[PDB]
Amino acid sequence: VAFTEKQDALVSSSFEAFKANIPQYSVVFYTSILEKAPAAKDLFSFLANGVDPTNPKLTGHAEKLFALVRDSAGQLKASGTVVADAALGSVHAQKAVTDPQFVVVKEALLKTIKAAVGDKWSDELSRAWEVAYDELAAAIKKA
């Protein structure tokens, strides 16, 4: 999987824009997911009492999630291949991680990066994140 230097640079950068406001951007992410995925509210431990930007568990999970996708970009740029930890592979093996759900989370992710970058959005940017997310979603299912 071809992933260039430039594409890696687009994602490290826009990720930084995401790090500027985790509570606010992590609201866009979750709201999107709960909007299109019925099982979501019951699956996440922290989604119990809704989307709460003050819950560090919610905000911390979103940070974890996006760092891993930025990390997927760095692995692809370096080797052309991404691997997911076995533990991360099993947390998902339960079920609701149906394949359609993966697409719902990708959609939430791009929409979040879009809210974060503002006027810096371009198709190049979306594309850099889509690949890194897809490669990591494929690694997760199989590792």
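All residue numbers refer to positions in the sequence shown, first residue = 1.
Comparing the deposited coordinates for 26-34 and 49-57, the stretch with the larger average C-alpha B-factor is 49-57. Just going by the entry, 11-19 versus 129-137 on mean CA temperature factor gives the higher value to 11-19. For the set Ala86, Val117, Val82, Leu65, the PDB entry assigns the largest Cα B-factor to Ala86. Taking the PDB entry at face value, the top CA B factor among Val69, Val103, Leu109, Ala40 belongs to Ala40. In this PDB entry, the Cα temperature factor of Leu76 sits in the middle third of its chain's modelled residues.
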